[PDB]
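Written below as C-alpha cells is the structure these notes are about.
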Amino acid sequence: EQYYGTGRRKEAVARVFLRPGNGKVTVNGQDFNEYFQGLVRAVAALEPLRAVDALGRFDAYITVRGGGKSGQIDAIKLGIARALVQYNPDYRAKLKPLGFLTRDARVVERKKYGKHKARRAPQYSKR
Amino acid sequence: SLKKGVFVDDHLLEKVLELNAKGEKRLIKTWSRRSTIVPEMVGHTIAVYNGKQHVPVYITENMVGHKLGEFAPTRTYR
Amino acid sequence: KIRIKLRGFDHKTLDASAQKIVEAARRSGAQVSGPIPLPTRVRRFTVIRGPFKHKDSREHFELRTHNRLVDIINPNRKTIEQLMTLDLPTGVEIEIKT
Amino acid sequence: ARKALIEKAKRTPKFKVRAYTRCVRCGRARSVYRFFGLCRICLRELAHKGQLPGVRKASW
Amino acid sequence: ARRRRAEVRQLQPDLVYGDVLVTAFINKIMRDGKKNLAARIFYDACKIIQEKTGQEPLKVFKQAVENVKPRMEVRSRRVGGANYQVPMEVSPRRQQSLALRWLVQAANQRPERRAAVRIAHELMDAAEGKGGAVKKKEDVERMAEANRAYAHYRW
Amino acid sequence: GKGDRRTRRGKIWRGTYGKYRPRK
Amino acid sequence: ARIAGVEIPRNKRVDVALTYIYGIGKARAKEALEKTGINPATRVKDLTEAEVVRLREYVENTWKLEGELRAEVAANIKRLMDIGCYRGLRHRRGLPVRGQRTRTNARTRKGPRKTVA
RNA sequence: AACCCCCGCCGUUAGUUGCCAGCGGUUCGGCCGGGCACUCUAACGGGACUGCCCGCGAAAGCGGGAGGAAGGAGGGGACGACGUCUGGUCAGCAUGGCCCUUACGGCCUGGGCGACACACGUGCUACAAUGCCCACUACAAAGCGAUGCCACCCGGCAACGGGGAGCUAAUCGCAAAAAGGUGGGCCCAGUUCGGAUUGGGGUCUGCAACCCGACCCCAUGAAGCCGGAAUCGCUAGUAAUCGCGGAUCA
Ligand SMILES: [Mg+2]
Ligand SMILES: [Mg+2]
Ligand SMILES: [Zn+2]
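Chains as they are written, first to last, in the authors' numbering: chain AI, 2 to 128; chain AS, 4 to 81; chain AJ, 3 to 100; chain AN, 2 to 61; chain AG, 2 to 156; chain AU, 2 to 25; chain AM, 2 to 118.
Take a look at the structure:
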C-alpha cells in the first residue's frame, strides 16, 4: 500500500511515509508549501515526483529531524526517491541515471588544529 | 562597588576614631589604598603607601566617596 | 522491576560483563531486556606537544566513558544468587536500583 | 621560589582566593587541569606510558 | 595543477526555468553564501522585466549575456624576458564567466537603490546594445584589435 | 552591529541578554 | 519648533528629533512619547500647536539637558581636577580613564598619530 | 603504502530514544496501553578488488562505461625515515659544573607585568540598502552540570536578587542556535550605518575592583563613504559567512 524510503544528509534524517491519493503533503505536521516558504529547493525536493509523472496523485508524510533547514530538503529529496522506487523497480531505471540515489557524501570536515577553519590558515607574516 | 555597607578597614576607623575622640594630630601611615574615605575624617592626613613611600595626602569635603588610592600615585611621572 | 547500570571505560570489557549478566539472568529467571547502549559521554582533552612555545602540531586525547543498561523484571531468587556469585567485573563500576 | 611555593599552594591560610590550582606531579604553576590535577606536560608523558586509564589517543 | 586539466564544476540546472546559465548567475550574485536570497533577488528583476517590456525574462537574459560576451582578449606573455600583450580567442566558459560577472558589477555601478532594479535596468541595456557591462566588453575587444600587431604569437 | 552595546545581536555576541534582549 | 531652548530638530521623526537634543536620546525619546501620547512616525512638520508646547515644555523642564547639562559634566571634572584623582590626571594629559592599552592605540583621545622619530 | 579512530550504503544483536509507521483511548504533549517496523543509540560483520565489459600495452598501468551508497587511495584523522639547522627550552621536569647562604633562601602588606611623544605582527567591530532597528515564528551539533546546571513564580526598564521543583543526569537543566522566514518602520544622511570616547547611577564574584575586573540603564554619538608601496588565505561542503559549547577558571 504505502511507499517508504529513508532520507538523510548532514545528520538530517527524514522518514518518508507516502500514500497514494491527492497531493496533500504533511511533514512534521504543517503543510509542505507552508513549512518551506521562500525557498526554491522546496519544489526541487519534489523532483522525484515530477520524474515519475505523478505530482498531484500522492499524499506524503515525512518525519525529518535534526540538521539544517536545507539539509532536510535534500533528505526529503532522497527519501521520496526510495519511497517511490520501493514499489517500482522500473522507476529505478530512470531515477538512478537522473542521479537521486546518493547520501551525498559531501559533508563538513573537522576544523584542524593550528589552522582556523580546517583549511584557512591565519595570515602568514614575516615583518 | 560594595553598596551594602561601604568598604573600609577597621584599623583605619579605629585609629581615626581616637583622633576624633580628643582631636589629636593627623599623622597616619596606612597601607589600605583599597578603602573608602570616611566622611567626618575631613582635616586629617593619611600617609598612604604606594610601593615607594608614604604620601602625606590631605583630606577635605569633596574627596570622600573615592578610595584612598585615588589620591596617591603608584607610578613615576604621572 | 529492577534496573542495572553498567558504566565503564573499555567497551570490550563492558561487552563481556554486560553479556555475562544477560545470560545469567535470562537462563535462570524471567524476562530481561538486553544490553542497552547509551550515548557515550566522552572527555575530549586537547593540548600542546612541546613544553615551551608551539601553538601547533598539538596533541589531544579523549576519555571514553561508556554506558550500558539492562533491565530485569520479576525478582528471581536464582538470578540474585547467580549475579552475586558468578561475576567477573574489573574496570566496570556498576550501579543497580529498583 | 619553586619549592616554598608548591608548599604554600596547599596551605590555604587566608581566604579561598589563594588556593589556586597547582599540578601534583611536576608541580606546575599553570596549565593545571582540575580533572587530572596535573599539568599539560606531565599529562601527555603519562598518557604515552599508559598510566592514564581510559585516556586513549584521540582520532577523528 | 601541473598534471590534470581539472574538469569544470557541472552546476545544478535552473529550478524554475531549467537552465544552468541562470543558476550560475545566482551564484555570482550570491553574497556570503545566501542562494535563496540571491535567487529571489534574481526573480525579482525577472518580474521587473515583464513590468517594463512584455518580454520573457528568459530570452531577455540570454540577449544580455550574449551581447556582453567578450569575443577576444589580450593576454600577457614572456619572451626571453619581455611581456607582449598578445590577443586571441577566449574560451566559451570564460566568456560566459566574464559576461555574467561584469553584469553583476555593472548593476553595482548603477545608482539604483534596490539590487533587483539594478539587475533589472542593467539587463535591459545589456540586451539592447549599450550598458555599463557592455561598454567594458567593447573596451576589451578594442585592446585585442589594437595590439593585433603582436598577434603573431598565437601559441 | 555586532558591536552596538544596545542591540539584538549586540548582547548575543557579548553572550548576554539585558533589556533589549528577552530574558526570563 | 525651537524645542530645547535653541535646538530645532525640524522635518523628521518626532522621536528621532529628540535624539538630536543634547541630553536626550533613543530611550528618553520614546519616554516622552509614552508620557504625552505621541506617534513616533508623525513628523514635526505637521503637529498641533498644543502638542508643540506640550511635548516641548515637558522634556524641557523635566530632566537636565543642553549646555547646562554639559556644564555639569565639566563641573565634575573640575572636581577631579582641583585635587587630582587618578581619574582626573587622565583628563589632564588626555589619557583614557580606563588605563587601557596606551602602549598601542588609544588614539581616540591622544589625537592623530604624531609619528616623529 | 597497508592494520586502528570519525563520516558516508546496509544488515545482525539490544529496544524506556524516538514511533497512530498499526490500532484504540487522549485534558491530542507518543500522555495511557501497546509496538520495535522506523529514526536513533553503539557493538559486530559485510562492501570496492582496475573485480567486470570495451580501447591501448610486452607488463605494471591508463582511459571510457555498467552495477553500486560510494570507483581507480571515496572524503577526513592519527603515522611525520637517515640527517639537517652550535635551531628552542637549566623558567615544566630531570641534570654536570658554577655561584649565594642573617641572604642569590623564606613569610607578609602595598606596588608592578596594565607604565606611553612612537612603530611592527595576528586579530575583532564597521564604513551600510544584497543593508540596519522592532515584534512574531522555524531547523542544529557537540559538549558540559549535586554544596554545580537552575524549571518555573514574584519583583526591578536591567544586570540581578528573594522563594522554589527536577538532576550522580539519551529521561531534569544551560537552551533562545544564529543567519534565515512573515509583516512592518528606515530613504542615503557622519545617517535608525558606525559604536570609540566620556559624565551620572546601579548589580554579581571576591577579604578586597584607585591603580586594575565584568555586566547593566540614561546621556554622550569620535575616526572611518572600502583604504599608498606592498602583502596573505583556500580547489567543494572548500572560501566567505552565521551561531553554540568546552578546557582554562572565584
Ligand atoms: Mg540498522
Ligand atoms: Mg543621567
Ligand atoms: Zn606540573
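Cβ coordinates follow ideal geometry from the N, Cα and C atoms, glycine included.
Check: Chain AN contact for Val24/AJ (CB, 7 Å cutoff); Outcome: no
Check: Whole-angstrom C-beta distance between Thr81/AJ and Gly36/AJ, which should lie under 8 Å; Outcome: Contact doesn't hold; Cβ gap of about 15 Å is too wide.
Check: Test: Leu40/AI CB closer than 7 Å to a CB of chain AG; Outcome: yes
Check: Where the stretch 13-40 of chain AN meets chain AJ: residues whose CB sits under 9 Å from a CB there; Outcome: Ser32, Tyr34, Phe36, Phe37
Check: Residues sharing a beta bridge with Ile63/AI, DSSP; Outcome: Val17/AI, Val28/AI
Check: Ligand 3 heavy atom lying under 6 Å from the CB of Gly100/AI; Outcome: no
Check: Closest residue to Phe74/AS among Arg11/AM, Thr103/AM, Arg88/AM (Cα-Cα distance); Outcome: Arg88/AM
Check: The stretch 62-82 of chain AI / the stretch 25-45 of chain AI touching (three or more Cβ pairs under 8 Å); Outcome: yes
Check: Per-residue burial, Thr24/AG [other beta carbons within 10 Å of its own, 16 or more giving buried]; Outcome: buried
Check: Rounded separation between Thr48/AS and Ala5/AM - CA only; Outcome: 46 Å
Check: Extent of the continuous beta strand (DSSP E) to which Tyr4/AI belongs; Outcome: 4-8
Check: Burial state of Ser92/AG (16 or more Cβ within 10 Å); Outcome: exposed
Check: C-beta contact flag for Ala28/AM and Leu19/AM at 7 Å; Outcome: no
Check: Ligand 3 heavy atom lying under 6 Å from the CB of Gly38/AN; Outcome: no
Check: 8 Å contact criterion, which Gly55/AN and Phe11/AJ should meet: CB distance rounded; Outcome: 4 Å
Check: Test: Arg80/AM CB closer than 7 Å to a CB of chain AS; Outcome: yes
Check: Bridge partners - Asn84/AG, DSSP secondary structure assignment; Outcome: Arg79/AG
Check: 7 Å Cβ cutoff, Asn37/AG in contact with chain AI; Outcome: yes
Check: Any non-hydrogen atom of ligand 3 closer than 6 Å to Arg31/AN Cβ; Outcome: no
Check: Below-7 Å beta-carbon distance, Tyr114/AI vs any chain AJ residue; Outcome: yes
Check: Residues that residue 3/AS bridges to, as DSSP identifies them; Outcome: In the structure displayed, chain AS extends from 4 to 81; residue 3/AS sits before or after that span and is not available.
Check: Buried versus exposed, by CB contacts within 10 Å (16 or more), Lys78/AI; Outcome: buried
Check: Rounded C-alpha distance that separates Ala46/AI from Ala39/AG; Outcome: 19 Å
Check: Residue interval of the beta strand (DSSP E) (run including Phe36/AN); Outcome: Where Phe36/AN is concerned, there is no enclosing beta strand (DSSP E), given that its DSSP letter is neither H nor E.
Check: Nearest to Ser38/AS (by Cα), restricted to the options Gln56/AS, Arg78/AS, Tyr52/AS, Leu22/AS; Outcome: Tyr52/AS
Check: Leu99/AI and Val86/AI closer than 7 Å at C-beta; Outcome: no
Check: Simplified DSSP state of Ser35/AJ, which is helix, strand or coil; Outcome: strand
Check: Under 7 Å between C-beta atoms of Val141/AG and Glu74/AG; Outcome: yes
Check: Contact under 7 Å by Cβ, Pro10/AM with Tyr23/AM; Outcome: no
Check: Cβ-Cβ distance between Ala26/AJ and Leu85/AJ below 7 Å; Outcome: yes
Check: The stretch 108-127 of chain AI / the stretch 47-55 of chain AI touching (three or more Cβ pairs under 8 Å); Outcome: no
Check: Those runs of the beta strand (DSSP E) which lie wholly inside the stretch 4-46 of chain AM and span at least 3 residues; Outcome: none
Check: Proximity of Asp13/AS and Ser35/AS at Cβ, strictly below 7 Å; Outcome: no
Check: Bridge-paired residues (DSSP) for residue 1/AJ; Outcome: Given that chain AJ is displayed from residue 3 to residue 100, the structure contains no residue 1/AJ and the question cannot be resolved.
Check: Bridge partners - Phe63/AJ, DSSP secondary structure assignment; Outcome: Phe47/AJ, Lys58/AN
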